[PDB]
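Written below as structure tokens is the structure these notes are about.
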Amino acid sequence: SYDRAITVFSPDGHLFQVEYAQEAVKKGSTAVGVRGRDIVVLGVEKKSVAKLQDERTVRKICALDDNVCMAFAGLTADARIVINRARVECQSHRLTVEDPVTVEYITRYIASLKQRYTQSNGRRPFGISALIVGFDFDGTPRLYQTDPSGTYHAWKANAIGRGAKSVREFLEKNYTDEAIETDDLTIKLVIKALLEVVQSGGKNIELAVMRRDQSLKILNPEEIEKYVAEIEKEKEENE
Amino acid sequence: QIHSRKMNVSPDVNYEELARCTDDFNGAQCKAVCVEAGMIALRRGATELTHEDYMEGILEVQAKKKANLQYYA
Amino acid sequence: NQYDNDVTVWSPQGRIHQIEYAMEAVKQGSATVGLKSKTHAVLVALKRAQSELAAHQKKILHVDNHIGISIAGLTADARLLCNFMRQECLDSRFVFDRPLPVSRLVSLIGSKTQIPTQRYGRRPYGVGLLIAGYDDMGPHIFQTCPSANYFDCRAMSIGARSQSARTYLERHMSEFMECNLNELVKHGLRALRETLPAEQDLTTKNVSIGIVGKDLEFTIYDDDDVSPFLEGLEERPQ
Amino acid sequence: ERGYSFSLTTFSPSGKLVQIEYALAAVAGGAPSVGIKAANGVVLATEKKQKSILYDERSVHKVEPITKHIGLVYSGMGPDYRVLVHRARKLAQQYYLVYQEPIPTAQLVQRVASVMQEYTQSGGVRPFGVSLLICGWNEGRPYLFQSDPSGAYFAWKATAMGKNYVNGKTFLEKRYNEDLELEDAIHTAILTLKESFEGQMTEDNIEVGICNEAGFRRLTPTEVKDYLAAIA
Amino acid sequence: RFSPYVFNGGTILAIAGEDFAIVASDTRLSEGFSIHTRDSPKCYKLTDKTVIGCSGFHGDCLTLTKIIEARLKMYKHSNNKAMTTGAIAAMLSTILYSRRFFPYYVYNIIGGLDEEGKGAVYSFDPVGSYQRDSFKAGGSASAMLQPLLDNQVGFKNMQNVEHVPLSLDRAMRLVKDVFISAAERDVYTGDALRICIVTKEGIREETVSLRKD
Amino acid sequence: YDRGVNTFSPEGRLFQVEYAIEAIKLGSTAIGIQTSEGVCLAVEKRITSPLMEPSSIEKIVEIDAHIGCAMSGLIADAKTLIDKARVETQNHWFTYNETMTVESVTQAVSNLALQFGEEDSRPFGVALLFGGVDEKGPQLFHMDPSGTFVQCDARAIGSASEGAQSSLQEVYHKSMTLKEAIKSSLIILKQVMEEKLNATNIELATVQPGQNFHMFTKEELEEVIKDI
Amino acid sequence: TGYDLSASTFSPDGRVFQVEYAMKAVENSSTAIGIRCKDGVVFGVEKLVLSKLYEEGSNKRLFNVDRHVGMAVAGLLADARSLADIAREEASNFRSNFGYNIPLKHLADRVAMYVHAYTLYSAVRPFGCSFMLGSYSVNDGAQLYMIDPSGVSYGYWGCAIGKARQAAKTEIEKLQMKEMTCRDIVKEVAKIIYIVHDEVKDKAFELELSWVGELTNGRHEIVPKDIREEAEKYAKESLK
Amino acid sequence: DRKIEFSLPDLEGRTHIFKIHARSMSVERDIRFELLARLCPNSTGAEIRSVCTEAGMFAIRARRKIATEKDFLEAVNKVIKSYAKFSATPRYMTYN
């Protein structure tokens with residue numbers, strides 16, 4: 001039993017491994033998520049592949065239940081074990097109380113696991129942050145984020161990853177209510193964000209939606225070029 | 001007792017009490033309590049030396065650090 | 001330096017500065033004085049507070065019908081050894097159906113607290129327990145230390161500015177094996193009135209007194225009932 | 001008590017395991033030895049000098065049998081050798097209790113090498129400081145393997161360890177071929193020990209064991225003195 | 001082979017008064033065909049306002065008594081106050097259930113006051129279930145004792161019976177009559193009658209001799 | 001370069017516990033007032049983004065129908081202590097069929113407050129206010145990262161804690177009432193907070209001898225704002 | 001530096017400074033002496049009076065392990081009485097397992113191995129104690145053992161530890177322990193500490209004497225009051 | 001003999017340092033410094049001087065002559081939180 005304290009307090013009251021892990025998140029790939037009223041939409045950017053290799057294994061978007069989708073950033077290895085424990089837990093809710101899992105409950109599970117994981121012995125904290133989107137029972141779609149300290153935190157829209165504060169400035173500087181009027185308009189807002197982010201000329205974006213009653217759906221790169229085509233078209237006539 | 005000679009010393013002193021509450025000192029620090037008590041007597045502007053002058057001189061010669069410690073006992 | 005980090009490391013002089021720093025925390029707390037008569041044991045505490053709206057921090061804790069203590073240091077370790085103290089009373093009361101001898105208890109306390117003073121990464125306990133109790137031999141006043149070297153005495157004082165109270169106990173200790181509670185307790189109040197700044201002394205909310213009696217259960221006296229004892233004392237001379 | 005539960009061997013910024021690199025130097029300071037297989041069995045030969053005349057050379061041994069048909073020598077330090085020797089002595093028995101068959105030499109080398117690599121990764125220990133030479137004629141054909149402190153292994157035709165092995169491998173390169181015999185490997189083994197030996201090579205400056213189809217055995221100083229005789 | 005249980009006799013009785021409580025029991029400890037002693041009370045003053053009666057296996061009565069007396073001081077040092085009666089029943093029910101797979105061979109009745117100066121009787125099975133009652137008999141002759149108190153106390157099976165509350169003296173002569181009436185037929189009914197009385201002022205005791213067959 | 005986790009100061013106290021005392025100053029400010037009419041309680045939210053949903057975060061959380069809490073400093077660690085408090089009260093009711101008193105809850109958490117070590121890992125970065133109504137009427141307690149707990153009457157914990165205590169001793173007295181306690185608290189909050197006060201920056205919760213624990217919402221809250 | 005921290009690290013010339021430091025802490029304890037007479041063992045402890053506020057009979061540096069085995073200590077009092085606890089428990093293991101009283105050669109062996117056990121690890125420290133053991137047997141005479149902080153024991157006709165170790169043992173060898181029946185041993189053992197710890201160093205001291213032999217019927221107990229009052233009667237003849 | 005400690009100011013010494021370094025620059029009048037001292041728990045007067053002299057440069061950023069409270073806020077996150085990686089203080093608090 002390797003009993004050693006790792007997370008210790010600074011002489012001015014800080015947690016060095018925590019704030020270094022937030023830098024490890026801060027160099028991760030940029031992921032953007034918003035919510036609609038009837039259809040939620042989120043997508044990662046910067047696939048950065050070799051442009052001749054398979055990639056279904058590099059998909060950084062998965063589901064926990066039918067109504068629970070989840071994306072993340074940071075380092076890839078620590079995320080998926082948290083995903084697996086989340087799948088065991090959300091399945092165990094249905095082994096208990098018959099309803100599907102509420103997204104607030106599952107984020108309290110993940111953040112609550114993460115904090116005591118920082119409290120344990122001989123453990124570096126997790127180096128991931130995640131955006132979790134779920135349309136619960138009675139049709140109230142919402143989302144949360146997860147700090148590596150483990151503070152669950154709701155939003156109307158958010159974006160983490162490398163180069164995220166300027167993207168957040170684009171989202172507050174562009175988000176209205178009438179932007180959430182149409183679903184393809186909201187997708188045009190997301191592609192306006194990742195197009196307003198770092199290059200990603202179609203070949204690096206990967207968006208996925210949920211219509212609050214279906215499963216997740218991923219468009220092939222034809223509506224990426226179609227929606228980017230009408231986005232550059234609307235920007236062209238707007239110019 | 002030796003370096004407390006050439007000062008206005010009121011009969012308020014208990015050298016047994018002072019030396020018993022002050023261990024781990026040398027002749028420099030024991031002289032230093034006398035001179036710093038001599039300065040604190042001028043800080044309050046009194047002319048003679050009292051016991052609490054030596055008691056505060058103990059604190060100055062020990063030269064502690066302050067961080068808000070009142071939450072004990 | 002480097003000889004000042006762990007309990008295991010001996011000094012080149014042979015004096016462990018971890019224990020020497022553990023002797024500071026008992027000097028940081030407030031002062032309290034215990035003493036005993038021929039047939040009674042009395043300890044008197046001096047409460048403190050932080051703000052005037054905040055309550056005063058108590059120090060006297062009832063352990064058993066014939067055992068009472070007083071603390072000086074941190075309340076977490078105080079309650080930690082206190083729960084062990086109550087436990088070691090009631091279990092032997094459960095086994096042998098008898099009260100427990102005080103010296104035999106304090107021996108178990110020293111054997112208890114000696115163990116973390118030798119291992120690796122194990123702090124000592126910062127506490128200054130003044131212990132009043134009854135064996136069949138009447139009153140017993142025991143004091144502790146973080147070095148777990150418990151001392152029998154007849155009157156002691158621990159806390160910040162206790163040495164003047166020790167001088168008062170020395171220059172009046174001959175009377176203590178004759179007088180009863182009514183002037184004995186205010187002799188102890190004459191000890192605690194010494195350790196104070198020159199303007200405030202005894203404003204009926206900063207003080208508590210515990211007495212075990214030769215036919216009397218150990219009773220804690222707090223604020224109101226202090227006022228029959230607190231009256232009838234001389235004014236502060238100047 | 002309890003150990004330390006952390007490995008004292010990390011990767012360098014150059015990406016090197018510095019304790020294993022030092023352990024190879026500790027092997028390089030060891031006593032020189034060599035081993036040759038030739039078409040019927042393997043010959044192992046070491047170089048064993050007593051520090052004075054007060055010792056008993058008949059007390060301790062370098063050539064050590066492992067089973068009916070496997071012997072083993074080293075080139076390194078003393079007390080680390082005997083421990084993993086005894087470990088291998090156990091491991092052949094845990095093979096034989098399961099399978100009721102003498103162990104394949106390669107299957108022995110797998111388990112011993114796994115012990116060494118597990119031991120150099122396990123927490124709070126210095127790694128071993130020896131290298132081994134393993135012999136045996138299982139299924140007719142002989143075999144000759146060499147381990148290391150890092151835990152790897154190789155299938156040498158013939159090689160040498162200890163001191164001046166960089167010269168001994170050149171001498172074996174200019175000496176050996178495929179087609180020889182056991183006594184020929186004896187004679188060139190005494191030759192390559194004489195390449196870096198001391199002034200006198202008596203019957204007890206060395207220790208030689210051999211494998212056959214009859215199995216592993218160890219020589220006596222009578223015929224070992226007869227092998228040093230009519231040599232060089 | 002080695003049996004772990006044996007029966008020790010004894011019979012307890014409690015009646016909830018309006019501002020009082022009466023707990024009574026005999027003082028015979030015996031088993032088999034012989035008598036161990038003629039002095040063994042089952043009254044146990046827990047607090048000033050709580051008296052427990054314990055009948056059944058005597059060693060388990062002793063052990064259980066001492067465990068309860070420990071946990072009262074545990075509650076007091078944890079909570080700066082004494083227990084209440086329903087808190088005692090709520091704790092002791094869990095204590096009895098805590099050895100569900102190796103039970104005590106003990107019957108128990110708790111008498112005492114509420115927070116309002118009223119009697120309260122809590123009778124226990126040997127497992128841990130209970131309820132608040134007005135009067136319960138436990139022990140050997142409880143089958144003798146219950147219907148008489150159903151008639152007199154409960155006013156059952158009587159036409160045009162008015163309902164006066166139980167006065168203290170009528171309760172006293174009721175108990176003193178009914179233990180003699182049980183003593184004439186039970187062999188386990190003892191030779192002296194320990195009677196404990198909980199008031200709003202303290203605990204009163206009284207011992208009345210019986211016959212000594 | 002790096003000492004142990006359990007090393008005493010040369011001054012004598014510790015290092016890491018005192019660092020945790022330093023750590024709670026970054027938290028949002030919180031004010032509770034004990035009043036014989038009933039204990040009120042208030043806190044800000046430190047609202048960051050318009051995209052942020054406001055009611056997702058909170059600092060008030062209850063333990064029973066008569067015990068509410070308030071937190072500051074680090075937040076993610078506090079939910080453990082809230083959980084142990086709730087479970088502890090349910091054990092006390094389960095075994096004694098009554099309500100555990102507020103001070104006994106407070107020492108029950110305060111025993112847990114200092115238990116880390118190097119066997120079987122660090123102190124906690126919280127600072128807690130306990131609002132409660134026991135049989136002795138209203139109660140109010142403040143504990144420490146060191147576990148030192150004490151009864152207060154009007155305690156202010158946060159970044160502006162000493163300024164609110166300084167402006168609070170001048171206005172508190174023994175015969176306060178609940179409405180002037182609430183309004184008098186929100187005046188101090190309006191002084192010390194950064195942004196403009198509205199019905200979303202803050203939230204309140206009270207406990208009563210008559211009714212149970214109650215938290216205010218955005219309907220019964222802005223009347224105090226317009227009547228500040 | 002850095003070679004003097006653990007109890008597992010040698011010095012560059014090959015020793016341990018930690019054990020030497022714990023041995024250095026022994027000479028700040030006051031004085032523990034004890035010799036065996038012809039037919040018994042007498043311990044002697046002088047005891048400094050720190051303040052008047054202590055009660056007489058407090059914090060005794062003189063222990064009682066078995067009915068016959070006696071212990072006098074010099075070091076840290078908590079570790080000393082801890083060693084008294086494990087030694088007393090060890091004798092309880094001996095009588096509980098084998099059915100008679102433990103001899104000193106076995107007892108000091110077990111205690112010395114237990115002391116040596118804390119001389120190997122970084123997890124624990126060595127003890128800061130040294131102490132003396134001695135008792136009487138009707139089948140084995142009287143024994144006298146002494147244990148250092150390192151864990152090495154020897155037999156003695158007499159031994160002395162404390163501050164004035166050499167200044168104590170210089171005068172012990174003037175005696176003739178081979179023939180004196182400890183009756184006069186009480187007075188002389190009293191006198192050889194009466195001549196030490198002067199009024200310059202000490203304010204006031206306290207005599208504390210132990211005593212065992214077949215005159216004590218084999219059992220260990222303290223001296224009676226009248227005999228040590230004859231020793232204090234024998235005190236002030238040393239002024240000549 | 002004298003062994004003067006220099007520690008960080010509590011709150012009021014920090015506010016006084018704001019009044020020292022900030023008395024001599026064209027500012028918006030109705031700002032408050034006590035909020036800024038609440039935002040800087042552990043900070044030196046050099047760091048506070050870098051806050052004042054940085055926020056003046058935030059007034060020189062676009063085309064303003066008098067700085068504002070939000071210019072101070074744009075100084076605080078940069079100097080404290082963006083430069084918070086180095087910070088130079090904590091191993092010098094324990095002086096090691």
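In the structure tokens, the first chain shown is A, the next is B, and so on; residue numbers restart at 1 for each chain, and ligands run from 1 in the order shown.
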
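For chain A, the residues having at least one atom no farther than 12 Å from chain C, when counting only C-alpha atoms, are residues 3, 4 and 5 of chain A.
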
Counting only C-alpha atoms, which residues of chain E fall within 8 Å of chain F, and what is the closest atom pair for each with its distance in Å at one decimal, ordered by chain and rising number, as a tab-separated table?
```
residue	atom	partner	partner_atom	distance
E:78	CA	F:104	CA	7.2
E:79	CA	F:104	CA	6.3
E:86	CA	F:97	CA	7.4
E:87	CA	F:96	CA	4.6
E:88	CA	F:96	CA	7.2
E:90	CA	F:96	CA	5.4
E:91	CA	F:95	CA	5.3
E:94	CA	F:95	CA	7.1
```

*DSSP-assigned alpha helix (DSSP H) members of region 12-210 of chain D, reported as number ranges by chain*: D: 18-28, 78-99, 105-121, 165-173, 182-194

_With 8 Å as the limit and counting only C-alpha atoms, what residues in chain B lie close to chain H? Please list them as a PyMOL selection string._
chain B and resi 32+61+63+65

*Which chain F residues are at most 10 Å from chain A (counting only C-alpha atoms), as a VMD selection string?*
chain F and resid 4 to 5 15 to 26 49 to 57 74 to 80 116 to 125

_chain B contacts to chain C at 7 Å (only C-alpha atoms) as a PyMOL selection string_ = chain B and resi 17+21+72-73

Kindly save the residues from that selection, with N, CA, C and O atoms included, as a PDB file, in the first residue's frame.
```pdb
ATOM      1  N   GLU B  17      11.550  34.067  39.062  1.00  0.00           N
ATOM      2  CA  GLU B  17      10.432  33.900  38.144  1.00  0.00           C
ATOM      3  C   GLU B  17      10.869  34.126  36.708  1.00  0.00           C
ATOM      4  O   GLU B  17      10.478  33.378  35.806  1.00  0.00           O
ATOM      5  N   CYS B  21      10.966  31.219  33.955  1.00  0.00           N
ATOM      6  CA  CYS B  21      10.150  31.249  32.753  1.00  0.00           C
ATOM      7  C   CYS B  21      10.981  31.445  31.496  1.00  0.00           C
ATOM      8  O   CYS B  21      10.439  31.337  30.392  1.00  0.00           O
ATOM      9  N   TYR B  72      -7.133  28.637  20.247  1.00  0.00           N
ATOM     10  CA  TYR B  72      -6.763  27.510  21.081  1.00  0.00           C
ATOM     11  C   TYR B  72      -7.507  27.535  22.406  1.00  0.00           C
ATOM     12  O   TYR B  72      -8.220  28.489  22.732  1.00  0.00           O
ATOM     13  N   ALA B  73      -7.309  26.459  23.173  1.00  0.00           N
ATOM     14  CA  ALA B  73      -7.882  26.221  24.501  1.00  0.00           C
ATOM     15  C   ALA B  73      -9.397  26.364  24.537  1.00  0.00           C
ATOM     16  O   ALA B  73      -9.914  27.403  24.940  1.00  0.00           O
TER      17      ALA B  73
END
```

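Rounded to one decimal, CA of residue 143 (chain C) and CA of residue 110 (chain C) lie 11.0 Å from each other.
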
Shell around residue 44 (chain G) at 12 Å using only C-alpha atoms, local window under 6 positions removed, as an mmCIF file with N, CA and C atoms, in the first residue's frame:
```cif
data_model
loop_
_atom_site.group_PDB
_atom_site.id
_atom_site.type_symbol
_atom_site.label_atom_id
_atom_site.label_comp_id
_atom_site.auth_asym_id
_atom_site.auth_seq_id
_atom_site.Cartn_x
_atom_site.Cartn_y
_atom_site.Cartn_z
ATOM 1 N N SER G 30 19.688 12.354 35.666
ATOM 2 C CA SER G 30 20.430 12.856 36.819
ATOM 3 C C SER G 30 21.517 11.892 37.284
ATOM 4 N N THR G 31 21.126 10.771 37.897
ATOM 5 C CA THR G 31 22.045 9.744 38.391
ATOM 6 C C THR G 31 21.279 8.487 38.776
ATOM 7 N N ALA G 32 21.669 7.344 38.220
ATOM 8 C CA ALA G 32 21.140 6.054 38.639
ATOM 9 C C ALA G 32 22.311 5.136 38.940
ATOM 10 N N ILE G 33 22.427 4.712 40.193
ATOM 11 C CA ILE G 33 23.504 3.834 40.613
ATOM 12 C C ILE G 33 22.897 2.585 41.235
ATOM 13 N N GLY G 34 23.701 1.535 41.295
ATOM 14 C CA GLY G 34 23.263 0.320 41.942
ATOM 15 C C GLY G 34 24.354 -0.722 41.973
ATOM 16 N N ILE G 35 24.580 -1.313 43.138
ATOM 17 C CA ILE G 35 25.547 -2.388 43.275
ATOM 18 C C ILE G 35 24.842 -3.558 43.934
ATOM 19 N N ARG G 36 25.401 -4.745 43.750
ATOM 20 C CA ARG G 36 24.956 -5.905 44.498
ATOM 21 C C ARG G 36 25.858 -6.101 45.707
ATOM 22 N N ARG G 61 11.540 7.306 39.372
ATOM 23 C CA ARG G 61 12.466 6.751 38.393
ATOM 24 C C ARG G 61 12.940 5.361 38.779
ATOM 25 N N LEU G 62 12.151 4.650 39.574
ATOM 26 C CA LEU G 62 12.541 3.377 40.159
ATOM 27 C C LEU G 62 11.338 2.459 40.036
ATOM 28 N N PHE G 63 11.487 1.375 39.295
ATOM 29 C CA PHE G 63 10.350 0.570 38.888
ATOM 30 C C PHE G 63 10.386 -0.796 39.548
ATOM 31 N N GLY G 70 13.767 -6.027 39.834
ATOM 32 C CA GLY G 70 13.666 -4.589 40.026
ATOM 33 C C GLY G 70 14.297 -3.828 38.879
ATOM 34 N N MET G 71 13.813 -2.610 38.653
ATOM 35 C CA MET G 71 14.282 -1.765 37.566
ATOM 36 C C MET G 71 14.522 -0.349 38.064
ATOM 37 N N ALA G 72 15.677 0.204 37.706
ATOM 38 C CA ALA G 72 15.974 1.616 37.895
ATOM 39 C C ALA G 72 16.403 2.177 36.550
ATOM 40 N N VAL G 73 15.879 3.344 36.192
ATOM 41 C CA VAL G 73 15.987 3.848 34.832
ATOM 42 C C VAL G 73 16.689 5.199 34.823
ATOM 43 N N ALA G 74 17.150 5.584 33.632
ATOM 44 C CA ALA G 74 17.752 6.900 33.420
ATOM 45 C C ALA G 74 17.594 7.259 31.950
ATOM 46 N N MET G 132 19.063 -0.207 34.580
ATOM 47 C CA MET G 132 19.756 -1.270 35.283
ATOM 48 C C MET G 132 18.744 -2.291 35.766
ATOM 49 N N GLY G 158 28.856 -3.861 40.068
ATOM 50 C CA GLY G 158 28.375 -2.525 40.326
ATOM 51 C C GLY G 158 28.352 -1.730 39.041
ATOM 52 N N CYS G 159 27.403 -0.807 38.911
ATOM 53 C CA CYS G 159 27.328 0.034 37.728
ATOM 54 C C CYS G 159 26.656 1.349 38.084
ATOM 55 N N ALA G 160 26.904 2.353 37.250
ATOM 56 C CA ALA G 160 26.490 3.718 37.542
ATOM 57 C C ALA G 160 26.229 4.457 36.243
ATOM 58 N N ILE G 161 25.076 5.121 36.158
ATOM 59 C CA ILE G 161 24.712 5.928 35.001
ATOM 60 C C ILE G 161 24.056 7.213 35.483
ATOM 61 N N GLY G 162 24.089 8.220 34.627
ATOM 62 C CA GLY G 162 23.547 9.519 34.942
ATOM 63 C C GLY G 162 24.494 10.601 34.482
ATOM 64 N N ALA G 168 30.903 9.077 39.827
ATOM 65 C CA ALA G 168 30.215 8.168 40.729
ATOM 66 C C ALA G 168 30.953 6.846 40.879
ATOM 67 N N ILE G 185 25.729 -1.472 53.139
ATOM 68 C CA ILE G 185 25.581 -1.109 51.740
ATOM 69 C C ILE G 185 24.581 0.019 51.568
ATOM 70 N N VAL G 186 23.546 0.043 52.408
ATOM 71 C CA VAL G 186 22.565 1.121 52.371
ATOM 72 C C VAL G 186 23.221 2.453 52.717
ATOM 73 N N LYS G 187 24.061 2.454 53.751
ATOM 74 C CA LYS G 187 24.697 3.692 54.183
ATOM 75 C C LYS G 187 25.763 4.144 53.197
ATOM 76 N N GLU G 188 26.531 3.204 52.650
ATOM 77 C CA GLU G 188 27.626 3.594 51.771
ATOM 78 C C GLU G 188 27.112 3.995 50.399
ATOM 79 N N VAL G 189 26.144 3.236 49.881
ATOM 80 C CA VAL G 189 25.423 3.592 48.663
ATOM 81 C C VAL G 189 24.739 4.945 48.815
ATOM 82 N N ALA G 190 24.228 5.231 50.011
ATOM 83 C CA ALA G 190 23.715 6.566 50.284
ATOM 84 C C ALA G 190 24.824 7.610 50.240
ATOM 85 N N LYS G 191 25.997 7.283 50.781
ATOM 86 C CA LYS G 191 27.041 8.289 50.927
ATOM 87 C C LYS G 191 27.668 8.644 49.586
ATOM 88 N N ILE G 192 27.803 7.662 48.691
ATOM 89 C CA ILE G 192 28.484 7.920 47.429
ATOM 90 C C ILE G 192 27.644 8.767 46.486
ATOM 91 N N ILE G 193 26.348 8.905 46.742
ATOM 92 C CA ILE G 193 25.581 9.935 46.060
ATOM 93 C C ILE G 193 25.398 11.174 46.925
ATOM 94 N N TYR G 194 25.580 11.064 48.245
ATOM 95 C CA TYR G 194 25.634 12.258 49.083
ATOM 96 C C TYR G 194 26.812 13.143 48.717
ATOM 97 N N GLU G 206 16.358 14.419 46.420
ATOM 98 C CA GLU G 206 15.575 13.467 47.189
ATOM 99 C C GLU G 206 16.218 12.099 47.064
ATOM 100 N N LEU G 207 16.419 11.449 48.201
ATOM 101 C CA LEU G 207 16.922 10.090 48.217
ATOM 102 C C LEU G 207 15.815 9.121 47.832
ATOM 103 N N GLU G 208 16.164 8.123 47.025
ATOM 104 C CA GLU G 208 15.215 7.090 46.614
ATOM 105 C C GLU G 208 15.997 5.788 46.484
ATOM 106 N N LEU G 209 15.721 4.844 47.372
ATOM 107 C CA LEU G 209 16.508 3.629 47.471
ATOM 108 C C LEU G 209 15.641 2.398 47.280
ATOM 109 N N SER G 210 16.176 1.435 46.543
ATOM 110 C CA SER G 210 15.536 0.146 46.371
ATOM 111 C C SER G 210 16.433 -0.937 46.936
ATOM 112 N N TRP G 211 15.864 -2.130 47.064
ATOM 113 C CA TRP G 211 16.423 -3.096 47.991
ATOM 114 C C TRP G 211 15.829 -4.478 47.766
ATOM 115 N N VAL G 212 16.674 -5.486 47.543
ATOM 116 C CA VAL G 212 16.196 -6.834 47.262
ATOM 117 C C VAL G 212 17.261 -7.827 47.712
ATOM 118 N N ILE G 222 10.720 -1.443 48.315
ATOM 119 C CA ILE G 222 11.467 -0.244 48.652
ATOM 120 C C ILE G 222 12.071 -0.409 50.047
ATOM 121 N N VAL G 223 13.052 0.430 50.368
ATOM 122 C CA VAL G 223 13.624 0.462 51.710
ATOM 123 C C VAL G 223 12.579 0.966 52.697
ATOM 124 N N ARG G 228 16.554 4.405 55.826
ATOM 125 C CA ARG G 228 17.032 5.555 55.077
ATOM 126 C C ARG G 228 17.109 6.803 55.943
ATOM 127 N N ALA G 231 20.411 6.435 56.990
ATOM 128 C CA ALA G 231 21.296 6.880 55.924
ATOM 129 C C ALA G 231 21.433 8.394 55.929
#
```

Determine, for each residue of chain G having at least one atom at most 6 Å from an atom of chain C, the closest pair of atoms and their separation in Å to one decimal, counting only C-alpha atoms; order by chain and ascending number, as JSON lines.
```
{"residue": "G:5", "atom": "CA", "partner": "C:9", "partner_atom": "CA", "distance": 5.9}
{"residue": "G:21", "atom": "CA", "partner": "C:14", "partner_atom": "CA", "distance": 5.2}
{"residue": "G:22", "atom": "CA", "partner": "C:14", "partner_atom": "CA", "distance": 5.9}
{"residue": "G:25", "atom": "CA", "partner": "C:14", "partner_atom": "CA", "distance": 5.1}
{"residue": "G:53", "atom": "CA", "partner": "C:155", "partner_atom": "CA", "distance": 5.9}
{"residue": "G:54", "atom": "CA", "partner": "C:153", "partner_atom": "CA", "distance": 3.9}
{"residue": "G:55", "atom": "CA", "partner": "C:153", "partner_atom": "CA", "distance": 4.5}
{"residue": "G:58", "atom": "CA", "partner": "C:152", "partner_atom": "CA", "distance": 5.1}
{"residue": "G:78", "atom": "CA", "partner": "C:149", "partner_atom": "CA", "distance": 5.8}
{"residue": "G:123", "atom": "CA", "partner": "C:120", "partner_atom": "CA", "distance": 4.8}
{"residue": "G:124", "atom": "CA", "partner": "C:119", "partner_atom": "CA", "distance": 4.9}
{"residue": "G:125", "atom": "CA", "partner": "C:8", "partner_atom": "CA", "distance": 4.9}
```

Next, dump the selected residues to file, keeping only C-alpha atoms, as a PDB file, in the first residue's frame.
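Dumped everything to again13.pdb:
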```pdb
ATOM      1  CA  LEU G   5      19.496  11.231   9.911  1.00  0.00           C
ATOM      2  CA  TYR G  21      22.856  11.148  20.112  1.00  0.00           C
ATOM      3  CA  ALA G  22      20.376   9.088  22.115  1.00  0.00           C
ATOM      4  CA  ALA G  25      20.724  12.362  25.965  1.00  0.00           C
ATOM      5  CA  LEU G  53       4.615  22.308  44.117  1.00  0.00           C
ATOM      6  CA  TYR G  54       5.310  18.649  43.366  1.00  0.00           C
ATOM      7  CA  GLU G  55       4.049  16.063  45.816  1.00  0.00           C
ATOM      8  CA  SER G  58       5.758  11.647  42.400  1.00  0.00           C
ATOM      9  CA  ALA G  78       7.806   7.644  28.970  1.00  0.00           C
ATOM     10  CA  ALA G 123      10.448   4.233  10.495  1.00  0.00           C
ATOM     11  CA  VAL G 124      11.383   4.268  14.193  1.00  0.00           C
ATOM     12  CA  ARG G 125      13.962   5.925  16.413  1.00  0.00           C
TER      13      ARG G 125
END
```

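Counting only C-alpha atoms, every residue of chain E that comes within 12 Å of chain C is listed here: residues 62, 63, 64, 65, 66, 67, 68, 69, 70, 71, 72, 73, 74, 75, 76, 77, 78 and 80 of chain E.
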
*Quick one: everything within 7 Å of residue 190 (chain E), counting only C-alpha atoms, minus sequence neighbours fewer than 2 positions away in the same chain. Send it as a list in words.*
residues 26, 27, 28, 188 and 192 of chain E

_All strand (DSSP E) residues (DSSP, backbone) inside region 10-193 of chain G, as number ranges by chain_ = G: 31-37, 40-48, 62-64, 70-75, 129-134, 136-137, 141-142, 145-147, 153-155, 158-162

*Please determine the contact residues of chain C with respect to chain F at a cut-off of 6 Å, counting only C-alpha atoms, and supply them as a ChimeraX atom specification.*
/C:21,24-25,53-55
